[PDB]
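All values below come from the heavy atoms of this structure, side chains included, with hydrogens, waters and symmetry mates left out. Proteins come first, then strands; the chains are lettered A, B, ... in the order of their sequence lines, and each starts at number 1.
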Amino acid sequence: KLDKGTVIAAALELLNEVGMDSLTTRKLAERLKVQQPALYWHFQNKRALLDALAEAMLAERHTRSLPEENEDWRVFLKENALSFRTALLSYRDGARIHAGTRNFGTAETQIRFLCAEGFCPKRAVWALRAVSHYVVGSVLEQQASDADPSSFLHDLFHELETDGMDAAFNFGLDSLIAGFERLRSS
Amino acid sequence: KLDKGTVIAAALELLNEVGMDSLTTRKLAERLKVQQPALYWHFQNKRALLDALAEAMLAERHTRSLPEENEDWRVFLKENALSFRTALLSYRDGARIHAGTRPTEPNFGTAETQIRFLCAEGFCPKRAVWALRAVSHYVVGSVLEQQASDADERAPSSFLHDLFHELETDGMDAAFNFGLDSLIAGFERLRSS
């Protein structure tokens, strides 16, 4: 009647309404029209709830973990990064929740693929981690702005807003991938 | 008698001892050997204290914020990135504190100097700002992961076993420098449209 799936769906709706800081087990119980005891063995504390929301966001939206057949390493890393970013952007404070929470089958497939595409084994692992670091940093800043000078600067900042958030993100990602080209091996 | 400099000096020592989660204004007042009103004048809540800690922790980065004469854009961006990483690593939960702080307006003078320098070095104004922001994004992501691993301390196949063993032991600096060098190498080609 009240299963894990039902609780998480209500928690994600509530997260979007009030955000990470305001989200409590009390408010979730009230949203579900149940007493607080009825949530305890699902999620014993806010930490347990946030862990489950982080997991749910990635399971739902992060689809490009594995390379597709005949896929180029540049396309794979970009699609993986775009997929991860979409997952973190899909709910309010997504990046903050992910960072506050921190599969050998998946890892081996990814590393084997990059090694075949010319990456040194260590540099394959470093490249995957570096893309993840950039995505978390970027989404944290974007979502922080959502919640919240000279003539030269004023005109430039206006022109940057016009270009949009995707343009800024893609420039950093394209630069990281372009840089891997020459540093793939010592 | 009690000034903000003396208060935050004590707050930094306490942060290293107990961490961000255990830090309270009451524990700070006790450490300073002052009464609650004396501290309350400086900070009425933990949020205000965290804001002040976050601003102080960027001291190391401010020393590498301005381009030096006879230094190219590549050395400037790398040394700036390394100083930002050192600043966030200098205290327990540094990256979490930086991330948790509501977005702060930058020094407009420092920003313009940085942007105008990159423009002189063959960046277009837009891509100069995108490059500076991209470096900051990478550093924050990297230090969050590194500090989460430290906080947590307090079977793979034959293909991955020894590889994964080597990576861990040899340290965090090689991985960070690889991502940073890749980002800067990438800027070289994408500097202008």
Side-chain angles (χ1 to χ4, degrees), chain A residues 12 15-17 19-20 53-54 57-58 60-64 74-75 77-100 130-149 152-179, chain B residues 77 81 84 95 98-106 108 111-112 114-115 118-119 123-144 179 182-183 186-187 190-193:
Chain A
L12 288 167
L15 174 57
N16 278 339
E17 285 180 34
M20 180 174 163
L53 297 190
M57 285 193 210
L58 295 173
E60 190 184 339
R61 298 301 207 97
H62 191 24
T63 59
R64 290 307 327 285
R74 298 170 197 88
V75 171
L77 286 183
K78 176 144 175 157
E79 289 308 305
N80 177 264
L82 283 167
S83 179
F84 184 39
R85 172 164 179 263
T86 303
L88 295 186
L89 282 175
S90 65
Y91 293 94
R92 184 170 170 182
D93 292 324
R96 279 185 62 197
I97 291 165
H98 177 85
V131 166
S132 176
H133 296 161
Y134 171 71
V135 171
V136 171
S138 175
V139 177
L140 277 169
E141 187 69 4
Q142 181 167 334
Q143 289 185 315
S145 306
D146 291 334
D148 186 43
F152 174 85
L153 265 183
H154 175 257
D155 297 356
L156 181 52
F157 282 151
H158 178 245
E159 176 164 27
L160 285 163
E161 287 173 350
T162 307
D163 266 54
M165 294 291 100
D166 282 3
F169 172 76
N170 292 330
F171 175 84
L173 181 55
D174 289 346
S175 298
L176 197 57
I177 293 169
Chain B
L77 288 183
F84 186 32
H98 178 85
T101 312
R102 288 180 185 178
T104 66
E105 293 301 327
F108 295 110
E112 181 151 353
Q114 287 186 348
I115 294 162
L118 289 188
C119 287
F123 284 78
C124 100
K126 273 193 209 151
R127 289 168 183 248
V129 173
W130 289 345
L132 288 166
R133 284 180 185 174
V135 169
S136 286
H137 298 340
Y138 171 71
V139 169
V140 167
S142 172
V143 180
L144 278 169
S182 297
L183 197 51
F187 293 153
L190 305 188
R191 278 189 291 177
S192 69
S193 181

Ring center gap for B/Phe187 and A/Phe171 short of 6.0 angstrom: yes
Could you grab the distance from atom NZ of B/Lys126 to atom CD1 of B/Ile115, nearest 0.5 Å is fine? 14.0 Å
Test salt bridge (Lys or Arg N to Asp or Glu O under 4.0 Å) applied to A/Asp155 - qualifying residues, sequence neighbours left out: none
Would you please indicate if the ring centroids of B/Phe108 and A/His154 are separated by under 6.0 Å? no
Does any N or O in the side chain of A/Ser83 come within less than 3.5 Å of the main-chain N or O of A/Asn80, such that one atom is a donor and the other an acceptor? no
Determine whether A/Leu12 and A/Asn16 make a side-chain contact, defined as any pair of heavy atoms from C-beta on separated by less than 4.5 Å. no
Does any N or O in the side chain of A/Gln143 come within less than 3.5 Å of the main-chain N or O of A/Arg92, such that one atom is a donor and the other an acceptor? no
Is A/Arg85 paired with A/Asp166 through a side-chain N to carboxylate O contact shorter than 4.0 Å? yes
Once rounded to the nearest 0.5 Å, what's the spacing between atom CG of B/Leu190 and atom CD1 of A/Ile177? 10.5 Å
So, for B/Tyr138 and B/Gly179, which heavy atoms are closest and what is the spacing to 0.1 Å? OH-CA, 3.2 Å
Do side-chain atoms of A/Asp93 reach the backbone of A/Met20 as a donor and acceptor pair under 3.5 angstrom? yes
Is any side-chain heavy atom of A/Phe169 closer than 4.5 Å to a side-chain heavy atom of A/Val135? yes
Please name the pair of heavy atoms, one in B/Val140 and one in B/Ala95, separated by the smallest distance, quoted to 0.1 Å. O-CB, 4.5 Å
Once rounded to the nearest 0.5 Å, what's the spacing between atom CD of A/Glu161 and atom CG of A/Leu156? 10.5 Å
Which pairs count as side-chain hydrogen bond (donor to acceptor under 3.5 Å, both in side chains) when at least one residue sits in residues 170-179 of chain A, sequence neighbours excluded? A/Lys78-A/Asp174
At what distance, to the nearest 0.5 angstrom, does CD1 of A/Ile97 lie from CG of A/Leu15? 4.5 Å
Heavy-atom closest pair (A/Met57 atom, A/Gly94 atom, distance to 0.1 Å) is SD-CA, 3.9 Å
Aromatic contact between B/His98 and B/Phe84, with the criterion being ring centroids under 6.0 Å apart: yes or no? yes
Does a sphere of radius 6.0 Å around CZ in B/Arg102 hold more than 12 heavy atoms from other residues, nucleotides or ligands, not counting ones at 6.0 Å or beyond? no
Do B/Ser193 and B/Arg127 have side chains that get closer than 4.5 Å, going by heavy atoms? yes
Do the side chain of A/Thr86 and the main chain of A/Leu82 share a donor and acceptor less than 3.5 angstrom apart? yes
For B/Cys119 and B/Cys124, the nearest pair of non-hydrogen atoms, with its separation, is SG-C, 4.2 Å
Would A/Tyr91 and A/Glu60 count as a side-chain hydrogen bond (donor to acceptor under 3.5 Å, both in side chains) if you check the C-alpha gap in whole Å, the side-chain angles of each, and the deciding distance to 0.1 Å? CA-CA 11 Å; A/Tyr91 293 94; A/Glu60 190 184 339; 3.2 Å; yes
Can you tell me how far the OG atom of A/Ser145 sits from the CE atom of A/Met165, to the nearest 0.5 Å? 7.0 Å
What is the distance from atom CG of A/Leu77 to atom CG of A/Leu173, rounded to the nearest 0.5 Å? 8.5 Å
